[PDB]
Amino acid sequence: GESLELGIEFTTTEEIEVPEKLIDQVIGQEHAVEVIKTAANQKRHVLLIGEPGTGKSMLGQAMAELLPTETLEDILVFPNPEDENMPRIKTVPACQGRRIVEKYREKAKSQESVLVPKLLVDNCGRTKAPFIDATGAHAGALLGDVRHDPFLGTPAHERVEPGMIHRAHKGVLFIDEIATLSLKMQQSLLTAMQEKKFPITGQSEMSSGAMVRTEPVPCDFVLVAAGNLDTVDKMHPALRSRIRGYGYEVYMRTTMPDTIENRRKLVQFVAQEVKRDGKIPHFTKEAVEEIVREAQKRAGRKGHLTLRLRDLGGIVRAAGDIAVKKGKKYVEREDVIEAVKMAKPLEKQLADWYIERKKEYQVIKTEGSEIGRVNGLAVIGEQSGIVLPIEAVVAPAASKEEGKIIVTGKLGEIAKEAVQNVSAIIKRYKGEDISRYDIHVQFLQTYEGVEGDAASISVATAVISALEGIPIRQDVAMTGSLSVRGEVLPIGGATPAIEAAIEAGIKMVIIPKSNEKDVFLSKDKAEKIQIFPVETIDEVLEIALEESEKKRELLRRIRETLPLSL
Amino acid sequence: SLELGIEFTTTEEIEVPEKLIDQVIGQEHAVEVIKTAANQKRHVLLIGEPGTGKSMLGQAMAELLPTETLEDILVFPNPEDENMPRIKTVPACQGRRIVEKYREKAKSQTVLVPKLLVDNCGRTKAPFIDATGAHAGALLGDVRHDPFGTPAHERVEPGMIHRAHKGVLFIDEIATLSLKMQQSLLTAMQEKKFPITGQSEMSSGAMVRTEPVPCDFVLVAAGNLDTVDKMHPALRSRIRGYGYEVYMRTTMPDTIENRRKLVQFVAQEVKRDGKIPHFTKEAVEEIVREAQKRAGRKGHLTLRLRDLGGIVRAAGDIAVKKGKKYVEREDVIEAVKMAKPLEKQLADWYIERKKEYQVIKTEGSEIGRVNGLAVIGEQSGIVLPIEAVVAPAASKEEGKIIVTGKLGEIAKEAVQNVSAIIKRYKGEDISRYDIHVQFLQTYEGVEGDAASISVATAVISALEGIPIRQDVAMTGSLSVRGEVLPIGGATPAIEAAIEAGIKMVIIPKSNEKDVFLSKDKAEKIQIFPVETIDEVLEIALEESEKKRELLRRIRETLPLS
Amino acid sequence: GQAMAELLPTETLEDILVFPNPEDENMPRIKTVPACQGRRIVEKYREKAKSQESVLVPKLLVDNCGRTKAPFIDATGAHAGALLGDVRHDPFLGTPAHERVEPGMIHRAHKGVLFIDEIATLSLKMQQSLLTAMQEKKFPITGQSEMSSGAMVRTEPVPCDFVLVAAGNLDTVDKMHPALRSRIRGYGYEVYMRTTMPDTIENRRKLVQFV
Ligand SMILES: Nc1ncnc2c1ncn2[C@@H]1O[C@H](COP(=O)(O)OP(=O)(O)O)[C@@H](O)[C@H]1O
Ligand SMILES: Nc1ncnc2c1ncn2[C@@H]1O[C@H](COP(=O)(O)OP(=O)(O)O)[C@@H](O)[C@H]1O
């Protein structure tokens, strides 16, 4: 059998307890959770900065549940006998608003054998402070508006519409992408935050609503603004300064340690997601384990689990949908594996489509050995791996005064400097004669370019192979950065890279020892390939170069130029 | 002919399926997502080019929805507050009756009959409402203006979101809807109910707002690669976070089953166009040959069915003009020429103008002159004469390879890869010369690495004084170890050679399956697929001991494998 | 585009009339009749109205009486209201919504040709609306400015069965609404104009005809 320790024994998630309140359902953002609790108690504004689907809105909703619920109010607007264009405002305990209006409305009907106040905000029946999401709202929606009057017309007070700031009175006002609001909206929000009251007035100068401006309307909200890294510098400086000086700024984390306790929380995660969705079956232990395996793969950091839970939640819902279509009673591993494929976001679908097309015209060799030809590995996007064949040949120098290392493949800056670090090793073991050769290296078919330094050890191997005439095993693939002292440095996407080797039929893959905990392979795939974690360039060469006296002499010669420390 | 996995004489014999989901051609991922989503009422976002079947998948999803549970929506007068008409939903067909009940009382008389907003009585399929481009009042509902007076409830009009209650609401180009309408759409999605009110503030309908009206629709939104970045953020997060996202494929595997779908496709296109005759079998085969050439991908068929449908129609129009009873292969061939993409007419125009002032030898042999082949755009080739001459180095310290022709970045690196091979076989003497290579008359530039073997041949010929056959044309990329790499547009390249009267063409072996020629053209040219640079040279260079020595020298610097 | 117009049928041309809607003033009703009939119908109602003031008069939106060939309507550079139709504002006891209805060039092109050069310079919204008109062959007239009372008026769909002849130079291709180009491409033809012809005796003879 193949399983993981989840810190709890269960058959299906139906046995897993789901915390009652939202704040306890938030996983892995301990700091953000502590800020929200303090902000809810001390009534302070918050700015949440992070990637989408990281729980910013969830936190805003959680804060709402932590606010007092026994003094909620209704907001009424009445006609002003003394100044029709300044409708009067009144707040009363929740549920009272409906009664007051109902009462006046009945009298008005009766009398026509009287003016009726309008209920702007009705909080009757609320068991918790309001959560108002004003993300992307327009000026009138956010701050309130007053309809135009074509005519003998309509009383100004009943043309008054509340803004989300008013609906958020004694609750939470959530605004993601806060920096995309106009400067004027951000200034007005700031004013509302300072006064806790904000008059409603018509937004369009061309409307008769423009001359109507009610008494200040209560808007005692706790603001929970959100956005990504660009938001910081684009938002109204005065608004950011206000939150910063009277509240908290939080940067959302994207990973959490892969500990037994944290996995146990992911068990809770699947359960709360199934419960919140209400349209999917419960998950068996194997299915939850697959969810955890996905969390490890999506972390992008060894020893950690992802906190991109909107995405992982998408996989939970898709797995359930698939189970339902198959008429199953519980979601199983097979359903999760199928959900991962079916629920890929647009970005990964494009990356995979691209790599699929490239592989159809790939020139990969996986049997025998070749001089100056090595199978490197590349990762496109987040998870799209592909074998990266690289070739090298040695020629007499075109210039009588110097030897050059000429590399092609549209390399970006990091890749180009990676080749320079490699050349230091080459020049050192080869010696003075190096100035007598031009070494041409070619990353085959990289028409969209080469980025990063993960092909460092590959270039080194191809070049050393070409210089010495020692063939390179084609059944070997490799990836790894390199230091000028010969140390193999870590790379990103070890799993996607290894999966590409496996798909291509490569039997052995070399990776930095630093990345051994970044390898996530099912029992099945693990049996198809031998993984060699390495720390130094000489170890890469002893695995990749074909055996001979020539090779052993080469290794000895190279080891002579590397530090003993290595 | 070709195997189409179905026998028939004309498309008139081909049966177009019952289920719309079955009609959809080659978007297997999308089809499975639609089936999985319909079953669970999950929203779906389809991203792809126009005419790729987005609307089709939306209609198909409506069909996969329950029908026995549809409901009618009625709006009633509200005695307490006229301006807030009341809403009642009941099982389908029950709406029509409830209306007459009250209507009878009208006779027995003050009695205000409720209005039937949405009537699904008699529907066999869940509703499919295409709200693409709708204005606010049409999408969200409206209340007619009253100069005086008519009862408010009677002036209420359902929005498409309401007509789509328990059905599918389809919106292509969703990101072009005002951010405000997108907001209302979001709310309608969140609550599954949305109050109807007057949209224009110039109207008295604006003082009316009904009770939230049910709008439990499944949203199938559509757009292109720019849509997600442009739509209302709250709407975007909702869809990206809780629905399925699908990128519409642009090609499909070339199998018997898929070709069969292309037959069905032709059949459907003739039927819905209604202005053209049916297609014989060979005509359909020609449509498939086109699907193959348009894939620009060996072993695949194109999925820009809007384009294929364009050829079908142009072929039909040609059949009609000639007074033919059926569309035949000949008609389709003329259709391809008559309805080509403006991009191809442009490339063809350009190639035609250039041929007028072109230097082209197609017989004999020449030292330092090779007939390379270039592909302009996606499906138009032209012979690319490349010349090389060897001169004394201008610098006594280094020899150089100077290439002209306005080469882009990839073409320049291709030249560097070629110089590796030249330097290796030529030895140290190479630093004693300046090799000038010229892509003749390439005033709009040279792009890509498809001229790699051509440059290698021209340079080797010039260095060795070995004439190159002019009745040979060639295209292919190259690795520093001498391996010939694949190129794009192998067919258009070969076609240029045929049009130029060149008898032999060299192409990489890996592109062998990218060659799509009719029997007529195939018999006019000899195709030589190659794997390594020495094979290119043995075909293109004139026989001589000089050439035999060159090949021996070359093969000595290439891998043995 | 003009040549194509001369090749279209000319015996079934119609007149387009807009009438007042007793049941919903903001949705004027539309009626098409054989060419020349429109003028008569209006003339008739107009005379009765005059008489009665000791009645509402329908408005003739498109009058094709006397045309010997299908209309050629050049909408190059036209604004939204000119292309798709508009409804004038009402300052006041006012003017019936139906007589404030103005036809768009798409309507005038009903059963004729709608020519639009520099098609890519039209706003995206105009191109989307044109696409809709092409698909339905009918397009309601509504006020273009939200600030106008014409904005709340939206007539029944008005016929606009035109054959579109869009034009432009090489930049047009990539700048126009992709859905519009795709529509023409899949249900019509794209043509690249040549700039030269062979210098043959036959072609010179045509230049004689040209002068
Ligand atoms: N840290 C987390 N713990 C639990 N669930 C989370 C977390 N982050 C995201 N989610 C889940 O993701 C869904 C989407 O998150 P959301 O709050 O909308 O993200 P954001 O506002 O940052 O885009 C949540 O409603 C919940 O199901
Ligand atoms: N995948 C497909 N399978 C079958 N027909 C297709 C496909 N894509 C496009 N078409 C054909 O093209 C016409 C236009 O497609 P449509 O669904 O309107 O595309 P989109 O909504 O993406 O514009 C269809 O009604 C049908 O005739």
Side-chain angles (χ1 to χ4, degrees), chain A residues 19 22-30 32-33 48-62 133 135 174 176-177 224 226-228 252-254 256 265-266 268-270 272-273 275-277 306-314 316-317, chain B residues 16 20-28 30-31 46-60 130 132 170 172-173 220 222-224 233-234 236-238 240-242 248-250 252 261-262 264-273 302-310 312-313, chain C residues 131 135 178-179 182-183 186-187:
Chain A
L22 229 29
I23 193 58
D24 295 317
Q25 287 185 38
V26 176
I27 297 156
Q29 302 282 354
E30 286 93 341
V33 157
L48 303 181
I49 298 300
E51 295 183 11
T54 195
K56 300 185 299 299
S57 177
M58 193 189 168
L59 285 168
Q61 290 167 238
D133 185 347
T135 299
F174 180 73
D176 193 4
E177 258 150 277
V224 175
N228 209 336
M252 306 297 287
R253 305 188 72 243
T254 48
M256 71 183 300
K265 305 191 78 70
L266 282 184
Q268 183 195 293
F269 177 71
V270 177
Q272 56 194 41
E273 288 297 314
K275 182 169 180 172
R276 202 180 317 185
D277 186 68
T306 189
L307 280 187
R308 287 170 173 147
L309 302 182
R310 185 182 69 184
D311 287 344
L312 203 65
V316 169
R317 287 186 298 285
Chain B
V16 40
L20 259 176
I21 189 60
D22 292 314
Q23 283 170 45
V24 179
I25 305 297
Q27 291 287 356
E28 271 98 319
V31 169
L46 304 175
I47 302 300
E49 290 162 49
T52 44
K54 301 190 298 298
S55 163
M56 181 170 284
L57 286 160
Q59 300 175 56
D130 182 344
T132 301
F170 173 87
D172 192 354
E173 321 189 33
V220 169
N224 52 35
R236 178 180 61 250
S237 295
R238 188 73 172 220
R240 307 267 299 173
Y242 303 74
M248 302 295 287
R249 234 104 178 102
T250 208
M252 67 175 153
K261 301 300 302 178
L262 289 185
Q264 176 191 308
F265 172 68
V266 177
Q268 295 169 285
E269 294 310 290
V270 175
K271 187 170 181 178
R272 64 191 74 181
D273 184 73
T302 183
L303 277 188
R304 293 117 179 307
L305 302 188
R306 179 60 74 66
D307 276 27
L308 260 201
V312 163
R313 287 179 179 66
Chain C
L131 188 51
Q135 301 169 321
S182 183
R183 184 70 180 190
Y187 302 90

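Both ligands and their constituent atoms are indexed starting at 1 by order of listing. So you know, we letter chains A, B, ... as the sequences are listed, proteins then strands, and number each from 1.
- Residue contact annotation: A/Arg308 has no non-hydrogen atom under 4.0 Å from ligand 1.
- Counting only heavy atoms of the protein, atom 27 (O) of ligand 1 lies nearest to A/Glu273 OE2, 2.6 Å.
- Taking a 4.0 Å cut-off on heavy atoms, A/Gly50 fails to register as neighbouring ligand 1.
- At a heavy-atom cutoff of 4.0 Å, ligand 2 is contacted by the side chain of B/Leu305 but not by its backbone.
- The ligand atoms of ligand 1 that sit less than 4.0 angstrom from a heavy atom of B/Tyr242 are 13 (C), 14 (C), 24 (C), 25 (O).
- Contacts between B/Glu49 and ligand 2, counted as non-hydrogen atom pairs separated by less than 4.0 Å, involve the backbone only.
- In this structure, atom 22 (O) of ligand 2 has a protein heavy-atom contact shorter than 4.0 Å.
- Within ligand 1, counting atoms from 1 as listed, the ones closer than 4.0 Å to a heavy atom of A/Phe269 are 5 (N).
- The A/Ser57 neighbourhood of ligand 1 comprises atoms 17 (O), 21 (O), with distances under 4.0 Å to a heavy atom of that residue.
- Every atom of ligand 1 with a heavy atom of A/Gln25 under 4.0 Å away is listed here by number and element: 3 (N), 4 (C).
- In terms of protein heavy-atom proximity, atom 1 (N) of ligand 1 is closest to A/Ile27 O, 2.8 Å.
- When non-hydrogen atoms are compared, ligand 2 lies under 4.0 Å from neither the backbone nor the side chain of B/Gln268.
- Taking any N or O of A/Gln29, backbone or side chain, none lies under 3.5 Å from an N or O belonging to ligand 1.
- Ligand 1 has no atom lying under 4.0 Å from any heavy atom of B/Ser237.
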